[PDB]
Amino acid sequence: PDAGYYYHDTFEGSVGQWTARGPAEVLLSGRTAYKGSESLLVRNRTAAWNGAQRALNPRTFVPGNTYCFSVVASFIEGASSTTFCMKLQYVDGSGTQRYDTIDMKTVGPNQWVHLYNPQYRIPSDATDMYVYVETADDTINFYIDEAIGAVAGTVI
């Protein structure tokens, strides 16, 4: 736990547990950043659902519990505006993969937007969990920074 944070990805010389969702690719970039000098670039998307993801440990993010999730995202080109969605990917009690929305924000180019939900409740039957970031309907390259999973209510 922490200053309440369970995880806090700054992107300074490390990707942390972040990986690509779909056939995309994620890597550190110094072209833009919200804090420090780097951020996580997400590119090679061929469908809007592609993006950046991180597995969530059920020992720490108990299903049925409420938690805080936060991230800042931006893009520079490829669209005139986009809708960033921060989400939870999981498998339910029936063995079916579900996608639940944690937060979503629409923004134009060259502008950091804050994806944030201090009170997100994880469905009680969830297993094999992943928090992910995508855009709703484009395949633009985008950047994320300051990725945080924390205690319900944490002010970010």
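The numbering used is simple: start at 1 and walk along the sequence shown.
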| property | result |
| --- | --- |
| Between 83-91 and 32-40 (mean CA B-factor, as deposited), the higher | 32-40 |
| Entry-level comparison of average CA B-factors, 58-66 and 45-53, reporting the higher stretch | 58-66 |
| Chain-relative CA temperature factor third for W18 | middle |
| Relative C-alpha B-factor of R98, binned into the chain's lowest, middle or highest third | lowest |
| Among modelled residues of the same chain, the CA temperature factor third for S124 | highest |
| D138 by Cα B-factor - lowest, middle or highest third of the modelled chain | lowest |
